[PDB]
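Provided hereafter are the protein sequence and its experimental coordinates.
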Amino acid sequence: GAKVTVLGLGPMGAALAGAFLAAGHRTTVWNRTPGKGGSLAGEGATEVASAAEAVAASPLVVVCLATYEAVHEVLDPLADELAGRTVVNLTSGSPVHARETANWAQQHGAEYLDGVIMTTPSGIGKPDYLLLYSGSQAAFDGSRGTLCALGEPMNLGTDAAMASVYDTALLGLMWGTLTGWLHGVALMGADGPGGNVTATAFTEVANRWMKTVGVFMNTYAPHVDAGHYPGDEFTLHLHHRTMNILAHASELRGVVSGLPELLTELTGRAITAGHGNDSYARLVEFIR
Amino acid sequence: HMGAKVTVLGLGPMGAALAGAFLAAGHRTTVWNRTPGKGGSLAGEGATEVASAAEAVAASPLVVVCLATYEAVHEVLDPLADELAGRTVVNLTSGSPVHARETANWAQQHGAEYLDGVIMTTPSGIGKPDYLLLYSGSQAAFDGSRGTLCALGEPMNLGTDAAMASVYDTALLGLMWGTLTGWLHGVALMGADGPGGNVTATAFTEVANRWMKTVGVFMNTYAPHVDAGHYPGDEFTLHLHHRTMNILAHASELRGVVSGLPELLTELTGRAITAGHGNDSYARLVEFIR
Ligand SMILES: NC(=O)c1ccc[n+]([C@@H]2O[C@H](COP(=O)([O-])OP(=O)(O)OC[C@H]3O[C@@H](n4cnc5c(N)ncnc54)[C@H](OP(=O)(O)O)[C@@H]3O)[C@@H](O)[C@H]2O)c1
Ligand SMILES: NC(=O)c1ccc[n+]([C@@H]2O[C@H](COP(=O)([O-])OP(=O)(O)OC[C@H]3O[C@@H](n4cnc5c(N)ncnc54)[C@H](OP(=O)(O)O)[C@@H]3O)[C@@H](O)[C@H]2O)c1
Ligand SMILES: [Cl-]
Ligand SMILES: [Cl-]
Ligand SMILES: [Cl-]
Ligand SMILES: [Cl-]
Ligand SMILES: [Cl-]
């Protein structure tokens, strides 16, 4: 039942407004171009003609525009009106622009939370999908109950630029996974003994296996932070040997992704450096 | 419910772990190893060690094999063709799909029920219900021995073709390495100097492990695309993948993260977009690696 304003009714901003309405919040919306708020008004939103009216309507102002340049074009004329309000900026952009906007919000007495949306418009308001936030802890703690309407909120910490970096790092993790998955699908689907398996059958097993892969990540993160990489029962020597088997199996079955060559070159450099007994986490030193 | 009689051939670190887990579950376990003197601890845990593989095979209706190579499997099993008739052989040696099939065919010629398997953990993970063992081959063997095999870990029946487990192992390891390398790349990006950086690997990984639920949703969404040969892009097209991969490439260069992953990703999506599939899903890329 809290008052919340959304600035920006593009596909994503309209979805945020819709999710706020579905949670029962008193939702005021504004967009630069008229005529994009009729469906939302039918669901109980109040559309207003100016950003100044929209900002004045709610103590919590959620911004979702195309660029950070657009954020300041809209909000800098309203600097005096933002004192004491909370600004949650879900616009995507660079870490430096997040930091510059946080500094600007601080200068004007607005509590500033920068965020990133880890889904597409249709995922907003649904379970499991993440929104990541960084900046004012008071803003996060005071707004979390309302922000929950959009998806699962995570507070990354106090530095407003964190969300931008996390988004890029998490997409890289997603692409590494999805590419290893595509490689596996193509291996399973290929003609050959034990092949001609569908992607759906493979993925049913893969989804179980990903539980084990997640434990590996949880085991290896403290190795990176300690700078100590004990290899235990799965050393880089064994990674490299088995990667060579993957390379050979892939070549036989006609799967050409670049992944095996990337993996063997990287592990090979760490082994040449004498770290063959270490965990996969030692490889962070060979990409950084 | 009722304890079984099982034989393990092979007392290397994995084979000895398998035998220990059968014992822990209450099974009457007979063990043999080519080299004597590796079954000491197992005997005190209740195993019966015998001197020859022939004695070991004759001791149990279920014969679990875990040797260094399929060459070794052949050297041990070939003189025992007659002795295997009517027994179930579960071969957890790692090896090639063709070697699994050839062993399967030999076992069938001699009247043994043959199940080939792969162990998706290391010796210390055996005997825990959270790690996977994948099996393929005789469904009669799997159904009849599943209760016993549960002692080792969670068993999964991949199907009737004995060679499948070998292929799944390699494919799942590739998936693991793609994930772990994307994770390493992300750890490096988060740890680097810069606004929003100097974040610990542990902090990053706390968020990453929540995010992996979403990544799994993508794999479950995209598998039917591959099987149908139809790749609707919907709200995440290859155009958008390519655009955001370029951001990743730029961010990584600025922070000195050099993993080769951004170049692999941009080149692959680039080929599909040049081919005219920019509006399709990530699943369309299967056609550009096979
Ligand atoms: N859609 C996604 O998949 C997704 C996922 C995660 C994050 N995001 C982020 O969410 C934000 C919104 O994306 P989107 O889907 O809504 O489409 P968008 O094209 O990125 O942004 C459209 C919105 O920005 C407004 N805008 C652009 N320039 C403006 C300016 N100079 N002054 C005032 N308003 C301006 C548009 O107003 P008009 O209607 O008047 O043109 C519209 O409301 C982006 O930063 C995007 O990167 C999107
Ligand atoms: N360890 C793991 O992390 C892991 C994970 C998944 C799968 N696996 C698979 O498990 C199997 C065994 O691995 P392991 O850890 O036990 O060590 P291993 O070195 O791969 O195999 C050692 C065992 O093989 C026996 N062996 C080797 N050559 C033989 C021959 N010509 N004739 C008879 N026996 C022979 C050795 O007997 P002796 O003692 O007399 O030399 C010993 O019992 C391998 O196929 C491995 O790939 C292992
Ligand atoms: Cl309120
Ligand atoms: Cl107010
Ligand atoms: Cl395929
Ligand atoms: Cl018997
Ligand atoms: Cl061999």
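Ah, there it is. Numbers count the residues shown, from 1 in each chain, chains lettered A, B, ... in the order given. Ligands and ions are numbered 1, 2, ... in the order given.

could you list the domains of chain A?
If the domains of chain A are taken from automatic domain parsing, they occupy A:3-158, A:165-286, with pieces of a single domain joined by a plus sign.

ok, the first one near chain B or not?
Meaning domain A:3-158. Yes: contact of domain A:3-158 with chain B (CB under 8 Å from any CB of the partner chain) involves A:95-96, A:98-99, A:118-122, A:128-130, A:132, A:134, A:152, A:154, A:156-157. C-beta coordinates here come from the backbone N, C-alpha and C atoms, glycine included.

sorry, back to before: in JSON lines: the domains of chain A, plus mean neighbour count.
Listed next are those as JSON lines, based on neighbours: other CB atoms under 10 Å in any protein chain shown:
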{"stretch": "domain A:3-158", "mean neighbour count": "20"}
{"stretch": "domain A:165-286", "mean neighbour count": "20"}
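
okay, the ones you listed in JSON lines with distance to ligand 2 next?
Formatted as JSON lines, the entries for the domains of chain A read as follows, by distance: least, CB to the nearest ligand atom, whole Å:
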{"stretch": "domain A:3-158", "distance to ligand 2": "32"}
{"stretch": "domain A:165-286", "distance to ligand 2": "6"}
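
for the stretch 51-200 of chain A, which segments count as helices?
A:51-57, A:68-75, A:95-107, A:137-147, A:162-189, A:199-226 (DSSP state H, counting those that start in this stretch).

packing partners for the last one?
It refers to helix A:199-226. helix A:162-189, strand B:132-137, strand B:154-159, helix B:164-191, helix B:201-228 (3 or more CB pairs under 8 Å, 6 or more residues apart in numbering or on different chains; DSSP states H and E).

what of the shortest one?
Counting by 3+ CB pairs under 8 Å, 6+ apart, the packing neighbours recorded for helix A:51-57 are strand A:3-7, strand A:26-30, helix A:68-75.

would CSV of the helices of the stretch 51-200 of chain A with distance to residue A:39 be doable?
Listed next are those as CSV, based on distance: least, CB to CB, whole Å:
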stretch, distance to residue A:39
helix A:51-57, 17
helix A:68-75, 22
helix A:95-107, 29
helix A:137-147, 21
helix A:162-189, 28
helix A:199-226, 36
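
which among those helices is found nearest to ligand 5?
The closest of the helices of the stretch 51-200 of chain A to ligand 5 is helix A:162-189. By CB to the ion, the value is 2.9 Å.

near chain B at all, that closest one?
Yes: residues of helix A:162-189 contacting chain B under CB under 8 Å from any CB: A:162-166, A:168-189.

how about that helix, does it get close to ligand 5?
Yes: applying CB under 5 Å from the ion, one finds helix A:162-189 touching ligand 5 at A:186, A:189.

by how many degrees do that helix and helix B:238-254 diverge?
Using axes from the mean of the first three to the mean of the last three CA atoms, to 10 degrees, one finds that helix A:162-189 and helix B:238-254 are set 120 degrees apart in direction.

so helix A:162-189, near ligand 1 or not?
No: under the criterion of CB under 6 Å from any ligand atom, ligand 1 is not reached by helix A:162-189; the shortest gap measures 8.1 Å.

could you do stretch A:97-112 as well?
No: under the criterion of CB under 6 Å from any ligand atom, ligand 1 is not reached by stretch A:97-112; the shortest gap measures 10.8 Å.

please export the C-alpha coordinates of that stretch as PDB.
Taking only C-alpha atoms (Å, rounded to 0.1, in the frame of the first residue of the first chain), the coordinates of stretch A:97-112 have been written out as PDB:
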ATOM      1  CA  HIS A  97      27.800   6.500 -14.400                       C
ATOM      2  CA  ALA A  98      26.200   4.700 -11.400                       C
ATOM      3  CA  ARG A  99      28.900   6.300  -9.200                       C
ATOM      4  CA  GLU A 100      28.500   9.800 -10.800                       C
ATOM      5  CA  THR A 101      24.700   9.600 -10.300                       C
ATOM      6  CA  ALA A 102      25.100   8.500  -6.700                       C
ATOM      7  CA  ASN A 103      27.400  11.400  -6.100                       C
ATOM      8  CA  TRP A 104      24.800  13.800  -7.700                       C
ATOM      9  CA  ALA A 105      22.000  12.300  -5.600                       C
ATOM     10  CA  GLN A 106      24.100  12.700  -2.400                       C
ATOM     11  CA  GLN A 107      24.800  16.400  -3.300                       C
ATOM     12  CA  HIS A 108      21.000  16.900  -3.400                       C
ATOM     13  CA  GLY A 109      20.100  14.900  -0.300                       C
ATOM     14  CA  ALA A 110      18.400  12.000  -2.100                       C
ATOM     15  CA  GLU A 111      18.900   8.500  -0.900                       C
ATOM     16  CA  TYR A 112      20.200   6.600  -3.900                       C
END
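
and the contacts of that stretch?
The set of residues that contact stretch A:97-112 without belonging to it, under CB atoms under 8 Å, 6 or more residues apart in numbering or on different chains, is A:68, A:71-72, A:76, A:79-80, A:82-87, A:89, A:114, A:134-136, A:138-139, A:142, A:159-161, A:163-164, B:195-196.

pull the distance from stretch A:110-126 to the chain's centre.
With CA atoms, centre = their mean, to the nearest Å as the basis, the distance from the averaged C-alpha position of stretch A:110-126 to the chain average is 9 Å.

do me a favour and get the end-to-end distance for that stretch?
Separation of the first and last residues of stretch A:110-126 by CA to CA, to the nearest Å is 29 Å.

from what I can see residue A:119 touches residue A:127, true?
No: the criterion here is CB atoms under 8 Å, and residue A:119 misses it with residue A:127 at 11.0 Å.

can you list residues touching both of the two?
Joint contacts of residue A:119 and residue A:127 (CB under 8 Å, 6+ apart) are residue A:151.

run through the residues that contact residue A:149.
Listed by CB under 8 Å, 6+ apart, the contact set of residue A:149 reads A:19-20, A:22-23, A:25, A:125.

which residues touch residue A:217?
When contacts are taken as CB under 8 Å, 6+ apart, residue A:217 is in contact with B:179-180, B:183, B:205, B:208-209.

same question, residue A:36
Contact partners of residue A:36, counting by CB under 8 Å, 6+ apart, are A:9-10, A:14.

now with 7 Å, please.
Residues in contact with residue A:36, defined by CB atoms under 7 Å, 6 or more residues apart in numbering or on different chains, are A:9, A:14.

so how far is chain B from it?
Distance, residue A:36 to chain B, by CB to the nearest CB, to the nearest Å: 18 Å.

what backbone torsions are found at that residue?
Here the main-chain torsion angles of residue A:36 (degrees, to the nearest 10) amount to phi -110, psi 10.

hang on, the earlier thing: between the contacts of residue A:217, which sits nearest ligand 7?
Among these, residue B:180 lies closest to ligand 7 (CB to the ion), at 27.3 Å.
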